[PDB]
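Heads up, the thing below is written out as structure tokens.
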Amino acid sequence: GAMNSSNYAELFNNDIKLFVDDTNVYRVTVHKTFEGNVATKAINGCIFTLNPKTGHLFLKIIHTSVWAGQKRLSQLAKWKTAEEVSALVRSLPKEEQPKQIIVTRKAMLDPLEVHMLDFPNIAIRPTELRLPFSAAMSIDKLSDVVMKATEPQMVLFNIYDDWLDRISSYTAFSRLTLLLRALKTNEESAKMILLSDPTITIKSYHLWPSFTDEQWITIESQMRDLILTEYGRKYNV
Amino acid sequence: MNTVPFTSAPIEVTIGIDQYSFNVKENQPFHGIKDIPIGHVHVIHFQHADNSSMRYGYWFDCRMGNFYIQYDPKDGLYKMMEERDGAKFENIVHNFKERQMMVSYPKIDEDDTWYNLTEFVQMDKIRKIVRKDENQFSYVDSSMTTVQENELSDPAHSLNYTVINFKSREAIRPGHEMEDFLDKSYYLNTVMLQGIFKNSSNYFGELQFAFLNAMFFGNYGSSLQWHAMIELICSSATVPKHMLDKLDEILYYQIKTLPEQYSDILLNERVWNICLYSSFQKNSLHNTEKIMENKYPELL
Ligand SMILES: N#Cc1c(O)c2ccccc2[nH]c1=O
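Okay, structure coming up:
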């Protein structure tokens, strides 16, 4: 059934699974019209489909042309997400197809279930975890490829860079969710922590900076402090 | 006007005949029911005084044979049985009618309730949902499960209602996933009406039969089927006008007849709220919406 704090280690076992986050699929800017009404302008979006064991990210860029002449776009966005996830699964060799797909938002369950009818053995699960994957567009290289797209495109990344050479998947996922939670809570402060030092660079083939083990401890501690601060700055504590 | 006579009544029992019911005492001199209107199916049903577990009963049509009820002390129930000798039957019945040992089907002349509840119900269709081909009548009880319930365990004792499942390949055309899930018209009109039921009369007949089994026996899988068949129509944007108007009449009489005290278990809040207030057909069921609001405003 649902994925929660009690079955958290299941994410790192050897059954292939994927998280799907649709938060950033349909993105708009709201603005005033000349007549003083309000209108939206869509910008490019993305489906965030992530294997939490290996770090493999299937970033399907959603180009604004997919919304042209369509109605009820927030509803359509869930179905388009499910269409593209189903297309991705069908494109993978059988031995790479997931056994489970975990959606971060319960509204994706029916769309994905219906699109996956041909795969009755792939379990579609919700989660009780509040995962911070909406902040994926705070990762500069991901935001850049989404905004620059002129047509629908799939881009593959490893969201863990080379971390799995040194740490386990469990620890890598914990680091990723800490970084993303920080970026979600105070993006400016998080980016300052990461990228305030120009001497600590991001490899061309990576998303995050090339921190040593000891620098990651310092970074991770700075991210926790940021989240706790914002939690206080918020509720006043 | 036909007659379902009874060998005897050895155990105390509440006997139903269609929407009517009467209590018979242990060994009371009761020999059956007369004046049964010809032209409709009927159901004769039972609830024992000592064990309200298992309401059970028999669907029959007197045009198809001469039937009688006899208590079996081995299986412990009132059984329907057909009499193949027409003279013996006329002779046993006339004797029973002369001794005034039969209750009269108590139909008020103005009253069309039973016709309205069974308008599309045919015995030949009942006998395909309830499979026991050696008899012309059909046994149903509170506990019998449906084909669909069993798939999710004795097949010979099942209710073979048409399986309806909104998240199934049958309901969803490849390439029309969102379209078919949000508007069930292709599943209703092509798959079910044109393909399986052949016409709306057979569809309504199964819906009406499912309701009657839910009401008279508390049969849970029948209630599931009744609600699924309502939801499939209401969740379709394209439904022939004659079907929507007929559905409103069908449901109106079903809601009218339902015991006020059974609404908590026989009515699914989600389906009814969706059907009357959110669905494509939210404005096409005026009579049903009006009776539901005045009789069960809590559910909504
Ligand atoms: N035993 C016995 C029978 C009956 O009591 C009976 C009663 C009503 C009608 C037909 C009947 N036939 C029988 O074989």
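Chains as they are written, first to last, in our numbering: chain Y, 1 to 237; chain C, 238 to 537.
Virtual Cβ for every residue (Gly too), placed ideally from N, Cα, C.
In the structure shown, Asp-417 (chain C) adopts helical secondary structure according to DSSP, grouped into three states. Residues of chain Y whose Cβ lies closer than 7 Å to the Cβ of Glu-388 (chain C) do not exist; the shortest such Cβ separation is about 13 Å. Pairing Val-377 (chain C) with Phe-119 (chain Y), the inter-Cα distance amounts to about 37 Å.
In the three-state reduction of the DSSP assignment, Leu-11 (chain Y) falls in the helix class, which pools H, G and I.
Bounds of any alpha helix (DSSP H) do not take in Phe-157 (chain Y); it lies within the beta strand (DSSP E) bounded by 153-158. When Cβ-Cβ separations below 8 Å define contact, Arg-406 (chain C) makes contact with chain Y. The three-state reading of DSSP puts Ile-193 (chain Y) in helix, counting H, G and I together. A distance below 8 Å between beta-carbons, with the five flanking residues on each side excluded, links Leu-109 (chain Y) to the following residues of its chain, in chain order: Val-103, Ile-124, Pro-126. By alpha-carbon distance to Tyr-489 (chain C), the top candidate from C:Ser-395, C:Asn-397, C:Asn-524, C:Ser-290 is C:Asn-524.
When the Cα atoms are used, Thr-229 (chain Y) and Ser-189 (chain Y) turn out to be separated by approximately 11 Å. Here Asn-450 (chain C) is buried. Its C-beta has 16 or more other C-beta atoms within 10 Å. Look at which beta carbons fall closer than 6 Å to any heavy atom of ligand 1; those residues are C:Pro-242, C:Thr-244, C:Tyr-305, C:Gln-307, C:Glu-320, C:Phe-326, C:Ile-329.
In the same chain as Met-147 (chain Y), and ignoring 5 residues on each side of it, the C-beta atoms closer than 8 Å to its own belong to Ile-43, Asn-44, in chain order. For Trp-208 (chain Y), no Cβ of chain C is located within less than 8 Å of the residue's own Cβ. Cβ-Cβ distances below 8 Å link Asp-162 (chain Y) to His-206 in the same chain, with the five nearest sequence neighbours on each side left out; the list follows chain order.
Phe-446 (chain C) and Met-381 (chain C) have their C-alpha atoms spaced approximately 14 Å apart. When rounded, the separation of the alpha-carbon atoms in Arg-507 (chain C) and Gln-491 (chain C) is 18 Å.
In the structure shown, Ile-329 (chain C) falls within a helical segment according to DSSP collapsed to helix, strand and coil.
Neighbours of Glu-468 (chain C) across chain Y, judged by C-beta separation under 8 Å, do not exist; the nearest C-beta is about 15 Å away.
The C-beta separation of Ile-101 (chain Y) from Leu-18 (chain Y) comes to about 5 Å, placing the pair in contact by the 8 Å criterion. At a C-beta separation below 9 Å, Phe-418 (chain C) has these neighbours in chain Y: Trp-79, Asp-110, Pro-111, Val-114. Nearest to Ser-134 (chain Y) by C-alpha distance, out of Y:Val-20, Y:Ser-5, Y:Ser-6, Y:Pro-93, is Y:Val-20. Put simply, the backbone Cα of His-413 (chain C) is about 24 Å away from that of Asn-24 (chain Y). By the neighbour-count definition (other C-beta atoms within 10 Å, threshold 16), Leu-59 (chain Y) is a buried residue.
Residues of chain C whose Cβ lies closer than 9 Å to the Cβ of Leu-183 (chain Y) do not exist, since the nearest Cβ in that chain is about 32 Å away. Our two residues, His-31 (chain Y) and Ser-204 (chain Y), have alpha carbons roughly 36 Å apart in a direct line. Secondary structure at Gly-269 (chain C): strand, using DSSP grouped into helix, strand and coil.
In this structure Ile-61 (chain Y) is in contact with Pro-152 (chain Y), their Cβ atoms being roughly 6 Å apart against a cut-off of 8 Å. Excluding residues up to 5 positions away in sequence, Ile-124 lie with their Cβ nearer than 7 Å to the Cβ of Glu-113 (chain Y) in the same chain.
Interface with chain C (8 Å Cβ-Cβ cutoff): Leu-117 (chain Y) is included.
In terms of Cβ geometry, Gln-97 (chain Y) and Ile-193 (chain Y) do not form a close pair [threshold 8 Å]. At a cut-off of 8 Å, the C-beta of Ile-409 (chain C) has a neighbouring C-beta in chain Y. Beta-bridge analysis with DSSP links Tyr-308 (chain C) to C:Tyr-315.
DSSP, read as helix, strand or coil, puts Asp-144 (chain Y) in helix. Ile-528 (chain C) places its beta carbon less than 8 Å from that of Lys-493 (chain C).
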